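In this document, chain identifiers A, B, C, D, E and F correspond to the written order of the chains, with residue numbering beginning at 1 in each.
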Amino acid sequence: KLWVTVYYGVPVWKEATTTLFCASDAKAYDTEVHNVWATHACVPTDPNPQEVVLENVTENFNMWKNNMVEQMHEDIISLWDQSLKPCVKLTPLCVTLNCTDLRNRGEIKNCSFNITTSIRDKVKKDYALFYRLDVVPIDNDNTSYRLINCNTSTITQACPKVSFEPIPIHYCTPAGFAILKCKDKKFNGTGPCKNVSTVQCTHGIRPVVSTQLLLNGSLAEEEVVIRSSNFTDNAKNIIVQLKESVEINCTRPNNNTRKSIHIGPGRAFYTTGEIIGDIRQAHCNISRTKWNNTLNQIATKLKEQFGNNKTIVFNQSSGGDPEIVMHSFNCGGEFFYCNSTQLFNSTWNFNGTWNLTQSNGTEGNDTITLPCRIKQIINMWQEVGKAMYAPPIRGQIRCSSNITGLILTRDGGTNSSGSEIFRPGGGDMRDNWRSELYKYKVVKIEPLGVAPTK
Amino acid sequence: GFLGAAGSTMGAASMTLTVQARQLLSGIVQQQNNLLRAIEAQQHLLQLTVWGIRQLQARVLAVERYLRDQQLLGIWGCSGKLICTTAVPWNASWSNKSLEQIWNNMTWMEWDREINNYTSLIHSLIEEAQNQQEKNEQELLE
Amino acid sequence: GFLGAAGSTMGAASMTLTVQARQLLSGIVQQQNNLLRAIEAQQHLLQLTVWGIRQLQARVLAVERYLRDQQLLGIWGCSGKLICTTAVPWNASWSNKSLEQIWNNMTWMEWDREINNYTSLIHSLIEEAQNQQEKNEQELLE
Amino acid sequence: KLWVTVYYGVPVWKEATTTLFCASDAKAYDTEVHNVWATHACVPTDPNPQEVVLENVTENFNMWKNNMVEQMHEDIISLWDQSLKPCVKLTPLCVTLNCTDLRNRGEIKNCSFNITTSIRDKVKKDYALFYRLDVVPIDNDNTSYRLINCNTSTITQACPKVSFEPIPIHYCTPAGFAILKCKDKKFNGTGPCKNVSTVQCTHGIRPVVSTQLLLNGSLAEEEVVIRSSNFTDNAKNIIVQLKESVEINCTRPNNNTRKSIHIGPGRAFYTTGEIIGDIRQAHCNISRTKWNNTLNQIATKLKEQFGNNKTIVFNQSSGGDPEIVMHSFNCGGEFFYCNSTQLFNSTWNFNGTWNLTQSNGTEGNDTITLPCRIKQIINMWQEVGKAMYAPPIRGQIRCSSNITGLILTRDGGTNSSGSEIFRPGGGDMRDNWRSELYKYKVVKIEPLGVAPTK
Amino acid sequence: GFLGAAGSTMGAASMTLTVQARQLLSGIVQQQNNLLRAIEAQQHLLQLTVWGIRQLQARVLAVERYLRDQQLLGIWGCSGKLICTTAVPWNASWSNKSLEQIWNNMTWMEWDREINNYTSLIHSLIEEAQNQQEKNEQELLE
Amino acid sequence: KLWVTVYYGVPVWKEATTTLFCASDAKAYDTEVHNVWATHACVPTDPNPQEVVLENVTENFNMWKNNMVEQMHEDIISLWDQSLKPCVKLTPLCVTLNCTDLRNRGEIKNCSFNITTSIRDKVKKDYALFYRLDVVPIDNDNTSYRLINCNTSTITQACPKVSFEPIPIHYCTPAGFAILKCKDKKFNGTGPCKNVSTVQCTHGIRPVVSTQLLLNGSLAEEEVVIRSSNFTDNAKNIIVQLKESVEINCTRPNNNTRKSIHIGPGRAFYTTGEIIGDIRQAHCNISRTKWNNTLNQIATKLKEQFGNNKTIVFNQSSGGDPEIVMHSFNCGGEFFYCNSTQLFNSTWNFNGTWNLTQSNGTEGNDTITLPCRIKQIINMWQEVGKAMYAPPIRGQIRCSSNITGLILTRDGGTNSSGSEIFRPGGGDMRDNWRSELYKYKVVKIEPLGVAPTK
């Protein structure tokens, strides 16, 4: 007799598509910054969350179809909007300016425009430092320079107090939803997994905004992984998981000035003041040997349909948006943009060894040194509207970032079977956020269970 | 064993239910260490965004799901513990299958899946079959 | 028989309770076929008005009423099923009436109505009379 | 021993006064109109809602005291407000106009006023077609015409994309509230009922806004019903339920022009352009015989306290508001106002047969043909505030509406016992909404039950 | 005896539990005489302030606490009535103390307080000790 | 065997810190005032709330640490804000004025300034009565007078319809939280209590806004109580609980005029019109003997560390804010400010009897008669922002207030052990609200209970 029987508390795992919550460790709430670009009144991470590794189990994942990225970016936008709300506005700072190109392409020209004051009619004059990227020369009437962000939308401050530093963040599931995480290293996005390790709260991550690269992220070990949502699709970005990490030096030697000037009834604008001493340009020095090893690793990892084990070629992006043709990130509130023209000029097709470099016999110019840029304004998630203004950091901007991933775009404007061309692609900003979400899968838990029982 | 302890089992899966239930419903502790009133240590702003209002909102939706679970337990008279039977037989709806093998090689999931509209088909009968046609226990003498 | 099956009855009304209960609590299926996310088929606007927020709000108020029902079941120890007695006798409050006739010719409603403050009068005694003065079953030997 | 006993899931029905929810069938969500004046993201009707007919039961109803009308109209207003929110504004379209009465009373005069543009100072000139009801001639300074709606409140567009067509709508009860519906045909508003048929979701209805009449509504069968909240009260409207339905032809032969002109940053105004060909006036042709039969039916149904079975008299409304002295409705977004001066001039007092017409020997002028009007602006539920603008339909406006009800007002300014005079009354707009709500009664369900049991 | 009837007692405190429970959960009557729809007698404004929205909100938070109480009753299988035991012994965690004296001279509070992390220490065992290791009653013959 | 046992519905009392709700008796909702400064749509007090006196019990209280005061003042502010919302604004009433000092320091000078009207350009001129406290003479350009409240923030009406009279208010606890109230009379703020009387809804109170005193409040019986949050701390206010109460006569003989003048589209300003007859000043007559008895009682109650039972001295506040240097309250909407310069000039140090007065042989000038002030604008809880305007009461303002408490501040700018000096302190406005909250303590109730049982 197969008498139907009902059971509760049963082990059940089903495809969850639900909200996740914020978690920030005790070290978070000990950061003591009213908000360093990232922290809230949200729940901290629990002292000891349970990550039950599930073995002799199987779970199919799809990071590109995982909805985690969506809520992540939405809550990021909600938090950034709500953080911008308390910041003072810069609508009158919008006024025309007149910039003198003192440092002579150096893009360091003191600009002195009108900044209004508390009373309606009492207005004085100030000057700050502006780059060639905050204002443009007018060629219609060519009278002065205009902020591009100021002739297109509104202008407001970026909460200079709120520094844009990366903080650890933890995503927890609701009660009855789990996040099944693969424990595999060659585990791709849309694959099954046997190292299922049910996770109530997902492991702490470091969401540093970056383009075409990763900074201080989850490291993929025991191999180089090169995934893409569609490999045949040349437009599809090619996500790569480097085995090791490199030491970046996006560090500007020159100091910064801050000129805390009260503008409104309680509103102050941190204009960039003059810089003490000879004002040089930001530089960057990066290692050579480990990079060559990782490059051989990728080129060996690139050989996917390589014709006779030699089809690997790289080229610089033809061009396009600044945020998609180069590597941008935030570091100390200053939006660093260390360039990436040193990676497109190398080719490990025939010999990975021919292009390899010996550390003991390192060349003279081996240490990668390339120019490194910065910025003051930014539009998150490619959203055209009210902009912001990064205040100075009043000091030599030292950024130390690491490397654990890469994004490429196969070249479609070339031969199909002649030579595989990869070019930097920074188009999709969610490929950055999904690179670490190929194991996590929100999983529903249902105790109900029927079963014929005697 | 929050959710493991059952790769392909019906008996072992049934015996690790309390462990799974206690491990799964442990998020209240995490909500207790919110430390999250207004600031982390020195300063802070409101920052209460749709993100966290919806953290609490997803909390509310799941806990409402557990509440509906308790209501169902009440409807069938099945709230005593995880051990509670049905006065409804498994229709020959499901395909011919050995029960013990449905147990050991269905992981609860294979029997459920191809009983699936059968499992639900056997579901609605319980209310008016275990409560509507509600009998006591056995009929024996002393 | 959602609500019919009882014109003037106490026994038949009592026997069609599960059918009435299952027919009444069937609106969750209707809420399931919302198909109502953002658009019907091609385009649409938000349109979320006080009307529909209050559709969900009236949903919430009624389901809270059912929750208070479950809480009362818990207070009296009466949550097992619809069959659950009281340790409280009907006060001679109600007027002299035949019980079986109260059943067959009160439709549950006439006995309730002129016991009505009597029915509630007999109500509050149950908590401290069935739980406060809480006895077991019968006292017999073997 | 009358041991008190408690019972659950008991059949209980009590007077409910609660909210009802929206339901719109699958055909609704397949209408594919972002919103045709009526649809939402609300719950669709379930595939098979249960309407348990309750027999050998009794239920007293009062449609005029039923609260359903209130929530219905409130949610209608909330939905209309929330739909108006996304529509573009017409505040600058408010500017004075100068209309030339080209078509010469025809109320078709091309009007050409200033319509502003995206930039503050770049303004061009446009002309549209306006009726004599959107603007008035000034007699104080008599310089030009002014929109009446524009010198009294604000002006905004009526979401031309959102066409004001009638859609099926379903009202569902919450969980534990039922709607007990009478299944009776001579069942009046404040009466008991034995054909109780408990209804979880009320039957699908067609809320077409109309005055003094009904369009595409619930048909009352097997008799003519003439109810009123107070028959003695002459001011009380006299609600009538015709047995059959008539074929209306509120159809305008002339076409419409639309001039989609961008006004604001993304806002466009659909001005009525010129009409191709000879511009005539809207007409209407309605049947004669069935109307005579229904009129005999009412006059026979009117004999309530008729003196010797002949006291039935009808007269046109003395006058008043346009929305209460005539029949107005919406049909294709154009607010049709087919007149009703053909019904007040008839009298079936002595012989219902004397006034009856033979179909075979129909007269020459038998087919009711009367002039039919339209409109562009409207104020719902007689609310004086920000108005709207109906766009063109760009085509011959064909309206096919049916008849299933009527509203009268007994004449108080006449003799009390001499002759019963009924006049069209369109004052109360909720009599239209309650005509179909004389059976439905939200009914509460309580499982608790005490009962002396042995 | 809403909350009195127990100065320093475990038995008398245990016997006045139903009276305390009924006296404490009586605020629904107060919420019933709201008379508070829109005006007191002649005129009035909205006035609905954070004060009263939070009156209802504190209502909601406490009633949610009682709901979590009912959920715990469900987890342990302990929802029948206030009389429900545990399959867990008091660890020698608590300090050597006479039980009857813990009763009569702990007011429930002294035994709780210096068992306090002991009382909670004995708490979590119940779910997988009374439900996980869930036995029936006694083992006797007839 | 100490088998652990679990119990429910247990008597348990724990430190609650939760919200309390509003309760207003049936007599409240029969006040029929749309809102007399205090009433809402909130829950009325239940007919018979249970106040179980708990004896042979103990409970430690701390009124200064009790959180009740916080929610009380916050909800007071929320209610006042939400009540101000419907009141009409006075921004154009802000305009300059020109006041003539007709009554000649009398501070009664008819002021006639511009009050605007419904149309933009149609403005007439009006005059009202203004005091010397609503406007100030300009000494920079000395052209006219300016409202102080009008050159610092916005101006709006004070809802003249909403009269600021005291009403009974009841605070109820949520379900599962109790308010344990001490039943002791010498029970101080941070003390234990044995007369615990659990209270579901706290006893009805009379929150009349007052400074340095109490009006129509809870009377402390069977003794004079003189508490303070820190007695050594001279800055700490010294809260006193008089045994008996005195009969105040803050009554203005002169009448008031009201000039209901429509200003906006539906907004009217009640300007103070001219006063009929000789306009005198408000007076106040207070009793002498009972006050002497209470003063002897306090001076006897003051002897705390008195050197040889004679160290009691009182002095007037050196100075400061008007709301903290004098006694202010509301009575009939007019903010009465009866002065308190008759209490600082008395000293019962050596003989309480020497300063005592016989009723039978009362002196000639015994009946305390001192000048009494009023006001039109006010800032609640010392909050600098948009102000309000008290309308006239159009009648002889009769205020009858009683006495049941007092606030002092020990003098720090004097000798430590030479002579104890108390001065009126009105700094803390929550000492007024906590004087009656020294017994109530929100108490949590937990049914869970473990206990080794055999």
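Going forward, a residue touches a chain if its C-beta (ideal position, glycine included) is under 8 Å from a C-beta of that chain, and two chains touch if they have at least 3 such contacts.
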item	value
Higher-contact pair (C-beta pairs counted), C-D versus C-E	C-D
Equivalent-chain rotation between subunit C and subunit B, CA atoms, steps of 5 degrees	120
Distance between the centres, which are taken as Cα means, of subunit F and subunit D, whole angstrom	57
Computed distance of Cα centres, subunit B from subunit A, in Å	40
Two or more partner chains touched - positions in subunit A	none
Multi-chain contact residues (two or more partners), subunit E	18, 21, 25, 66-67, 70, 73, 79, 81-82, 142
Touching chain combinations (by label order)	A-B, B-C, B-E, C-D, C-E, E-F
In the complex, subunit B residues that touch subunit C	67, 70-71, 74-75, 77, 79, 127-128, 131-132, 134, 142
Residues of subunit E that touch subunit C when the two form their complex	18-19, 21-22, 25, 66-67, 70, 73, 79-83, 142
Subunit B residues within the subunit A interface of the complex	1-7, 10, 13-14, 16-18, 20-21, 23-31, 33-52, 54-55, 57-59, 61-63, 65-66, 69, 73, 76, 78, 81-82, 84-86, 88-90, 94, 99, 102-103, 108-109, 111-112, 115, 119, 122-123, 126
Parts of subunit A lying in touch with subunit B, wherever the complex brings them together	1-13, 18-24, 26, 28-35, 39-47, 49-50, 52-57, 71, 74-76, 78-79, 81-83, 86, 162, 172-178, 180, 196, 198, 200-201, 443, 445, 447-454
